[PDB]
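Source file: start-v9.cif. Holds: mmCIF, N, CA and C atoms.
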data_model
#
loop_
_atom_site.group_PDB
_atom_site.id
_atom_site.type_symbol
_atom_site.label_atom_id
_atom_site.label_comp_id
_atom_site.auth_asym_id
_atom_site.auth_seq_id
_atom_site.Cartn_x
_atom_site.Cartn_y
_atom_site.Cartn_z
ATOM 1 N N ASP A 1 -4.677 -104.122 66.846
ATOM 2 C CA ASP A 1 -4.262 -103.011 65.976
ATOM 3 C C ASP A 1 -5.365 -101.990 65.865
ATOM 4 N N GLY A 2 -6.448 -102.375 65.238
ATOM 5 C CA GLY A 2 -7.549 -101.485 65.062
ATOM 6 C C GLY A 2 -8.837 -102.233 64.955
ATOM 7 N N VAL A 3 -9.339 -102.694 66.087
ATOM 8 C CA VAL A 3 -10.605 -103.398 66.119
ATOM 9 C C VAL A 3 -11.728 -102.412 65.761
ATOM 10 N N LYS A 4 -12.639 -102.831 64.936
ATOM 11 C CA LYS A 4 -13.656 -101.940 64.439
ATOM 12 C C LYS A 4 -14.822 -101.893 65.401
ATOM 13 N N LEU A 5 -14.972 -100.782 66.074
ATOM 14 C CA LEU A 5 -16.034 -100.640 67.025
ATOM 15 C C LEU A 5 -17.052 -99.675 66.496
ATOM 16 N N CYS A 6 -18.276 -99.984 66.718
ATOM 17 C CA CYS A 6 -19.363 -99.174 66.260
ATOM 18 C C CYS A 6 -20.030 -98.516 67.442
ATOM 19 N N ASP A 7 -20.117 -97.200 67.393
ATOM 20 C CA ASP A 7 -20.741 -96.412 68.444
ATOM 21 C C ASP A 7 -22.243 -96.461 68.266
ATOM 22 N N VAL A 8 -22.905 -97.185 69.123
ATOM 23 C CA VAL A 8 -24.341 -97.343 69.041
ATOM 24 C C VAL A 8 -25.036 -96.528 70.136
ATOM 25 N N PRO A 9 -26.150 -95.864 69.806
ATOM 26 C CA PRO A 9 -26.865 -95.016 70.752
ATOM 27 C C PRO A 9 -27.498 -95.818 71.887
ATOM 28 N N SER A 10 -27.465 -95.258 73.063
ATOM 29 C CA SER A 10 -28.018 -95.890 74.219
ATOM 30 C C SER A 10 -29.486 -95.495 74.410
ATOM 31 N N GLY A 11 -30.278 -96.424 74.879
ATOM 32 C CA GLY A 11 -31.649 -96.140 75.223
ATOM 33 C C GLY A 11 -31.771 -95.950 76.717
ATOM 34 N N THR A 12 -30.791 -96.452 77.422
ATOM 35 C CA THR A 12 -30.696 -96.338 78.850
ATOM 36 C C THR A 12 -30.258 -94.926 79.254
ATOM 37 N N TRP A 13 -29.148 -94.495 78.704
ATOM 38 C CA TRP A 13 -28.614 -93.188 78.980
ATOM 39 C C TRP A 13 -29.381 -92.159 78.146
ATOM 40 N N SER A 14 -29.737 -91.068 78.753
ATOM 41 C CA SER A 14 -30.414 -89.993 78.081
ATOM 42 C C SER A 14 -29.969 -88.670 78.699
ATOM 43 N N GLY A 15 -30.115 -87.600 77.963
ATOM 44 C CA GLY A 15 -29.749 -86.304 78.462
ATOM 45 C C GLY A 15 -28.409 -85.861 77.940
ATOM 46 N N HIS A 16 -27.416 -85.901 78.784
ATOM 47 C CA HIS A 16 -26.087 -85.455 78.436
ATOM 48 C C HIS A 16 -25.047 -86.459 78.936
ATOM 49 N N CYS A 17 -24.006 -86.641 78.168
ATOM 50 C CA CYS A 17 -22.896 -87.497 78.529
ATOM 51 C C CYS A 17 -21.700 -86.612 78.825
ATOM 52 N N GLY A 18 -21.383 -86.450 80.091
ATOM 53 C CA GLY A 18 -20.276 -85.597 80.468
ATOM 54 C C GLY A 18 -19.045 -86.390 80.825
ATOM 55 N N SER A 19 -19.239 -87.643 81.151
ATOM 56 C CA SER A 19 -18.146 -88.499 81.507
ATOM 57 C C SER A 19 -18.160 -89.774 80.676
ATOM 58 N N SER A 20 -17.143 -89.937 79.866
ATOM 59 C CA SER A 20 -17.025 -91.074 79.013
ATOM 60 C C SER A 20 -16.663 -92.325 79.813
ATOM 61 N N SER A 21 -16.071 -92.129 80.976
ATOM 62 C CA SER A 21 -15.722 -93.212 81.859
ATOM 63 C C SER A 21 -16.990 -93.854 82.441
ATOM 64 N N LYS A 22 -17.954 -93.028 82.794
ATOM 65 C CA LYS A 22 -19.204 -93.524 83.316
ATOM 66 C C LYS A 22 -20.074 -94.032 82.193
ATOM 67 N N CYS A 23 -19.980 -93.380 81.040
ATOM 68 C CA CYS A 23 -20.650 -93.845 79.822
ATOM 69 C C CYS A 23 -20.204 -95.273 79.499
ATOM 70 N N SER A 24 -18.892 -95.480 79.467
ATOM 71 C CA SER A 24 -18.339 -96.775 79.189
ATOM 72 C C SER A 24 -18.700 -97.789 80.264
ATOM 73 N N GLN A 25 -18.651 -97.366 81.532
ATOM 74 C CA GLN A 25 -19.050 -98.224 82.628
ATOM 75 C C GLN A 25 -20.499 -98.635 82.459
ATOM 76 N N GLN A 26 -21.342 -97.678 82.112
ATOM 77 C CA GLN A 26 -22.751 -97.918 81.883
ATOM 78 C C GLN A 26 -22.949 -98.981 80.810
ATOM 79 N N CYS A 27 -22.262 -98.840 79.703
ATOM 80 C CA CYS A 27 -22.395 -99.783 78.603
ATOM 81 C C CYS A 27 -21.938 -101.199 78.986
ATOM 82 N N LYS A 28 -20.839 -101.293 79.738
ATOM 83 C CA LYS A 28 -20.306 -102.593 80.181
ATOM 84 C C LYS A 28 -21.186 -103.196 81.270
ATOM 85 N N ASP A 29 -21.777 -102.339 82.058
ATOM 86 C CA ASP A 29 -22.627 -102.745 83.168
ATOM 87 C C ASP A 29 -24.001 -103.170 82.682
ATOM 88 N N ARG A 30 -24.583 -102.365 81.838
ATOM 89 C CA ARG A 30 -25.913 -102.617 81.331
ATOM 90 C C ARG A 30 -25.936 -103.744 80.328
ATOM 91 N N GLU A 31 -25.021 -103.731 79.392
ATOM 92 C CA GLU A 31 -25.039 -104.714 78.346
ATOM 93 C C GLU A 31 -23.669 -105.336 78.153
ATOM 94 N N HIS A 32 -23.510 -106.049 77.070
ATOM 95 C CA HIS A 32 -22.308 -106.831 76.808
ATOM 96 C C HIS A 32 -21.270 -106.012 76.031
ATOM 97 N N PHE A 33 -21.311 -104.696 76.176
ATOM 98 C CA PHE A 33 -20.398 -103.843 75.450
ATOM 99 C C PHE A 33 -19.130 -103.669 76.250
ATOM 100 N N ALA A 34 -18.286 -104.676 76.197
ATOM 101 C CA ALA A 34 -17.034 -104.712 76.947
ATOM 102 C C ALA A 34 -16.063 -103.612 76.517
ATOM 103 N N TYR A 35 -16.290 -103.045 75.346
ATOM 104 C CA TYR A 35 -15.441 -101.985 74.836
ATOM 105 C C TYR A 35 -15.891 -100.635 75.362
ATOM 106 N N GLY A 36 -16.957 -100.644 76.134
ATOM 107 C CA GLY A 36 -17.414 -99.452 76.764
ATOM 108 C C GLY A 36 -18.254 -98.593 75.873
ATOM 109 N N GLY A 37 -17.925 -97.333 75.840
ATOM 110 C CA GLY A 37 -18.672 -96.369 75.113
ATOM 111 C C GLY A 37 -18.023 -95.030 75.245
ATOM 112 N N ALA A 38 -18.507 -94.069 74.528
ATOM 113 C CA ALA A 38 -17.959 -92.739 74.551
ATOM 114 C C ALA A 38 -19.076 -91.730 74.412
ATOM 115 N N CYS A 39 -18.794 -90.510 74.747
ATOM 116 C CA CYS A 39 -19.759 -89.458 74.639
ATOM 117 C C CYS A 39 -19.680 -88.889 73.230
ATOM 118 N N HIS A 40 -20.728 -89.063 72.471
ATOM 119 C CA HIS A 40 -20.757 -88.668 71.082
ATOM 120 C C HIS A 40 -21.865 -87.638 70.889
ATOM 121 N N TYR A 41 -21.600 -86.631 70.091
ATOM 122 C CA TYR A 41 -22.549 -85.575 69.878
ATOM 123 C C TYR A 41 -23.586 -85.997 68.873
ATOM 124 N N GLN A 42 -24.798 -85.824 69.250
ATOM 125 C CA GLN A 42 -25.929 -86.090 68.439
ATOM 126 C C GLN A 42 -26.869 -84.939 68.696
ATOM 127 N N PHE A 43 -27.870 -84.772 67.896
ATOM 128 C CA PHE A 43 -28.823 -83.743 68.156
ATOM 129 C C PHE A 43 -29.756 -84.242 69.270
ATOM 130 N N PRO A 44 -30.037 -83.428 70.293
ATOM 131 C CA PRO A 44 -29.519 -82.071 70.441
ATOM 132 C C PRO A 44 -28.336 -81.934 71.439
ATOM 133 N N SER A 45 -27.855 -83.028 71.994
ATOM 134 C CA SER A 45 -26.795 -82.963 72.987
ATOM 135 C C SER A 45 -25.838 -84.159 72.895
ATOM 136 N N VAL A 46 -24.717 -84.051 73.585
ATOM 137 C CA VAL A 46 -23.752 -85.129 73.663
ATOM 138 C C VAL A 46 -24.371 -86.287 74.434
ATOM 139 N N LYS A 47 -24.488 -87.417 73.801
ATOM 140 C CA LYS A 47 -25.122 -88.562 74.398
ATOM 141 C C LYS A 47 -24.111 -89.718 74.468
ATOM 142 N N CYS A 48 -24.386 -90.696 75.295
ATOM 143 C CA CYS A 48 -23.508 -91.842 75.470
ATOM 144 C C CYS A 48 -23.754 -92.863 74.366
ATOM 145 N N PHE A 49 -22.708 -93.240 73.686
ATOM 146 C CA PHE A 49 -22.771 -94.236 72.640
ATOM 147 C C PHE A 49 -21.859 -95.384 72.993
ATOM 148 N N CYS A 50 -22.413 -96.560 73.032
ATOM 149 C CA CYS A 50 -21.694 -97.750 73.430
ATOM 150 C C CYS A 50 -20.921 -98.317 72.256
ATOM 151 N N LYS A 51 -19.733 -98.811 72.506
ATOM 152 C CA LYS A 51 -18.912 -99.352 71.455
ATOM 153 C C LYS A 51 -19.046 -100.846 71.388
ATOM 154 N N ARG A 52 -19.690 -101.310 70.360
ATOM 155 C CA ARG A 52 -19.765 -102.726 70.120
ATOM 156 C C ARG A 52 -18.743 -103.065 69.092
ATOM 157 N N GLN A 53 -18.378 -104.295 69.015
ATOM 158 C CA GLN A 53 -17.433 -104.689 68.037
ATOM 159 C C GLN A 53 -18.188 -105.067 66.788
ATOM 160 N N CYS A 54 -17.699 -104.661 65.681
ATOM 161 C CA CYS A 54 -18.278 -105.041 64.445
ATOM 162 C C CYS A 54 -17.293 -105.903 63.714
#
Can you present the structure in this file as structure tokens?
Amino acid sequence: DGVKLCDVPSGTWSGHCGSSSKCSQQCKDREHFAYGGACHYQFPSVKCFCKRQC
């Protein structure tokens, strides 16, 4: 229904997140974030945030 996922900042990804598909792939590939990730705006640019389950 609505699993609670927390968008956590990546230390691996830096710069800009233009593709959420690659962001999510990165999160699943790098760590145990099977829910992937999304491009979330933070200062100063859109960065990749991995979705962990909370």
task = For the structure provided, state which residues fall under the PyMOL selection byres (((chain A and resi 25 and name CA) around 12) and name CA), and present them as a ChimeraX atom specification.
result = /A:13,19-24,26-39,48-51
task = Just give me the gap between CA of residue 43 in chain A and atom N of residue 3 in chain A in Å, one decimal is fine.
result =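 Going from CA of residue 43 in chain A over to atom N of residue 3 in chain A covers 27.3 Å.
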task = Record the distance separating atom C of residue 2 in chain A and atom N of residue 44 in chain A, expressed in Å with one decimal.
result = 28.8 Å
task = Check which residues satisfy the PyMOL selection byres ((chain A and resi 16) around 6) in the file shown, then give them as a list in words.
result = residues 14, 15, 17, 18, 45, 46, 47 and 48 of chain A
Select from chain A everything DSSP, run on the backbone, classes as strand (DSSP E), then give the selection as a PDB file with N, CA and C atoms, keeping the file's coordinate frame.
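That gives us out.pdb:
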ATOM      1  N   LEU A   5     -14.972-100.782  66.074  1.00  0.00           N
ATOM      2  CA  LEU A   5     -16.034-100.640  67.025  1.00  0.00           C
ATOM      3  C   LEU A   5     -17.052 -99.675  66.496  1.00  0.00           C
ATOM      4  N   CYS A   6     -18.276 -99.984  66.718  1.00  0.00           N
ATOM      5  CA  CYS A   6     -19.363 -99.174  66.260  1.00  0.00           C
ATOM      6  C   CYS A   6     -20.030 -98.516  67.442  1.00  0.00           C
ATOM      7  N   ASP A   7     -20.117 -97.200  67.393  1.00  0.00           N
ATOM      8  CA  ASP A   7     -20.741 -96.412  68.444  1.00  0.00           C
ATOM      9  C   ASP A   7     -22.243 -96.461  68.266  1.00  0.00           C
ATOM     10  N   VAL A   8     -22.905 -97.185  69.123  1.00  0.00           N
ATOM     11  CA  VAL A   8     -24.341 -97.343  69.041  1.00  0.00           C
ATOM     12  C   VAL A   8     -25.036 -96.528  70.136  1.00  0.00           C
ATOM     13  N   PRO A   9     -26.150 -95.864  69.806  1.00  0.00           N
ATOM     14  CA  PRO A   9     -26.865 -95.016  70.752  1.00  0.00           C
ATOM     15  C   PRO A   9     -27.498 -95.818  71.887  1.00  0.00           C
ATOM     16  N   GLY A  37     -17.925 -97.333  75.840  1.00  0.00           N
ATOM     17  CA  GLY A  37     -18.672 -96.369  75.113  1.00  0.00           C
ATOM     18  C   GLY A  37     -18.023 -95.030  75.245  1.00  0.00           C
ATOM     19  N   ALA A  38     -18.507 -94.069  74.528  1.00  0.00           N
ATOM     20  CA  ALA A  38     -17.959 -92.739  74.551  1.00  0.00           C
ATOM     21  C   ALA A  38     -19.076 -91.730  74.412  1.00  0.00           C
ATOM     22  N   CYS A  39     -18.794 -90.510  74.747  1.00  0.00           N
ATOM     23  CA  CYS A  39     -19.759 -89.458  74.639  1.00  0.00           C
ATOM     24  C   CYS A  39     -19.680 -88.889  73.230  1.00  0.00           C
ATOM     25  N   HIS A  40     -20.728 -89.063  72.471  1.00  0.00           N
ATOM     26  CA  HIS A  40     -20.757 -88.668  71.082  1.00  0.00           C
ATOM     27  C   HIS A  40     -21.865 -87.638  70.889  1.00  0.00           C
ATOM     28  N   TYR A  41     -21.600 -86.631  70.091  1.00  0.00           N
ATOM     29  CA  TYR A  41     -22.549 -85.575  69.878  1.00  0.00           C
ATOM     30  C   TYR A  41     -23.586 -85.997  68.873  1.00  0.00           C
ATOM     31  N   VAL A  46     -24.717 -84.051  73.585  1.00  0.00           N
ATOM     32  CA  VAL A  46     -23.752 -85.129  73.663  1.00  0.00           C
ATOM     33  C   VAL A  46     -24.371 -86.287  74.434  1.00  0.00           C
ATOM     34  N   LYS A  47     -24.488 -87.417  73.801  1.00  0.00           N
ATOM     35  CA  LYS A  47     -25.122 -88.562  74.398  1.00  0.00           C
ATOM     36  C   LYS A  47     -24.111 -89.718  74.468  1.00  0.00           C
ATOM     37  N   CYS A  48     -24.386 -90.696  75.295  1.00  0.00           N
ATOM     38  CA  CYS A  48     -23.508 -91.842  75.470  1.00  0.00           C
ATOM     39  C   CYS A  48     -23.754 -92.863  74.366  1.00  0.00           C
ATOM     40  N   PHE A  49     -22.708 -93.240  73.686  1.00  0.00           N
ATOM     41  CA  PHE A  49     -22.771 -94.236  72.640  1.00  0.00           C
ATOM     42  C   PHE A  49     -21.859 -95.384  72.993  1.00  0.00           C
ATOM     43  N   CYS A  50     -22.413 -96.560  73.032  1.00  0.00           N
ATOM     44  CA  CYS A  50     -21.694 -97.750  73.430  1.00  0.00           C
ATOM     45  C   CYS A  50     -20.921 -98.317  72.256  1.00  0.00           C
ATOM     46  N   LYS A  51     -19.733 -98.811  72.506  1.00  0.00           N
ATOM     47  CA  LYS A  51     -18.912 -99.352  71.455  1.00  0.00           C
ATOM     48  C   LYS A  51     -19.046-100.846  71.388  1.00  0.00           C
ATOM     49  N   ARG A  52     -19.690-101.310  70.360  1.00  0.00           N
ATOM     50  CA  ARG A  52     -19.765-102.726  70.120  1.00  0.00           C
ATOM     51  C   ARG A  52     -18.743-103.065  69.092  1.00  0.00           C
ATOM     52  N   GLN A  53     -18.378-104.295  69.015  1.00  0.00           N
ATOM     53  CA  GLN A  53     -17.433-104.689  68.037  1.00  0.00           C
ATOM     54  C   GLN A  53     -18.188-105.067  66.788  1.00  0.00           C
TER      55      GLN A  53
END
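Applied to the file shown here, the PyMOL selection byres ((chain A and resi 4) around 6) selects residues 2, 3, 5, 6, 52, 53 and 54 of chain A.
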Residue set, chain A restricted to alpha helix (DSSP H), as a PDB file with N, CA and C atoms, keeping the file's coordinate frame:
ATOM      1  N   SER A  20     -17.143 -89.937  79.866  1.00  0.00           N
ATOM      2  CA  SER A  20     -17.025 -91.074  79.013  1.00  0.00           C
ATOM      3  C   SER A  20     -16.663 -92.325  79.813  1.00  0.00           C
ATOM      4  N   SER A  21     -16.071 -92.129  80.976  1.00  0.00           N
ATOM      5  CA  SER A  21     -15.722 -93.212  81.859  1.00  0.00           C
ATOM      6  C   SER A  21     -16.990 -93.854  82.441  1.00  0.00           C
ATOM      7  N   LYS A  22     -17.954 -93.028  82.794  1.00  0.00           N
ATOM      8  CA  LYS A  22     -19.204 -93.524  83.316  1.00  0.00           C
ATOM      9  C   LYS A  22     -20.074 -94.032  82.193  1.00  0.00           C
ATOM     10  N   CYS A  23     -19.980 -93.380  81.040  1.00  0.00           N
ATOM     11  CA  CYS A  23     -20.650 -93.845  79.822  1.00  0.00           C
ATOM     12  C   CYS A  23     -20.204 -95.273  79.499  1.00  0.00           C
ATOM     13  N   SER A  24     -18.892 -95.480  79.467  1.00  0.00           N
ATOM     14  CA  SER A  24     -18.339 -96.775  79.189  1.00  0.00           C
ATOM     15  C   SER A  24     -18.700 -97.789  80.264  1.00  0.00           C
ATOM     16  N   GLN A  25     -18.651 -97.366  81.532  1.00  0.00           N
ATOM     17  CA  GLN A  25     -19.050 -98.224  82.628  1.00  0.00           C
ATOM     18  C   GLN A  25     -20.499 -98.635  82.459  1.00  0.00           C
ATOM     19  N   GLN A  26     -21.342 -97.678  82.112  1.00  0.00           N
ATOM     20  CA  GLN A  26     -22.751 -97.918  81.883  1.00  0.00           C
ATOM     21  C   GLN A  26     -22.949 -98.981  80.810  1.00  0.00           C
ATOM     22  N   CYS A  27     -22.262 -98.840  79.703  1.00  0.00           N
ATOM     23  CA  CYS A  27     -22.395 -99.783  78.603  1.00  0.00           C
ATOM     24  C   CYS A  27     -21.938-101.199  78.986  1.00  0.00           C
ATOM     25  N   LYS A  28     -20.839-101.293  79.738  1.00  0.00           N
ATOM     26  CA  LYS A  28     -20.306-102.593  80.181  1.00  0.00           C
ATOM     27  C   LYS A  28     -21.186-103.196  81.270  1.00  0.00           C
ATOM     28  N   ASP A  29     -21.777-102.339  82.058  1.00  0.00           N
ATOM     29  CA  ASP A  29     -22.627-102.745  83.168  1.00  0.00           C
ATOM     30  C   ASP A  29     -24.001-103.170  82.682  1.00  0.00           C
ATOM     31  N   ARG A  30     -24.583-102.365  81.838  1.00  0.00           N
ATOM     32  CA  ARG A  30     -25.913-102.617  81.331  1.00  0.00           C
ATOM     33  C   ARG A  30     -25.936-103.744  80.328  1.00  0.00           C
TER      34      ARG A  30
END
ask   = Please, what distance in Å, to one decimal, runs between atom N of residue 42 in chain A and atom C of residue 1 in chain A?
value =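 Taking atom N of residue 42 in chain A and atom C of residue 1 in chain A, their separation equals 25.5 Å.
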Listed atoms of range 7-25 of chain A boxed along x, y and z, 5 Å each side, centre and edge lengths in Å, one decimal, as JSON:
{"center_x": -23.7, "center_y": -92.0, "center_z": 75.4, "size_x": 26.0, "size_y": 23.2, "size_z": 25.9}
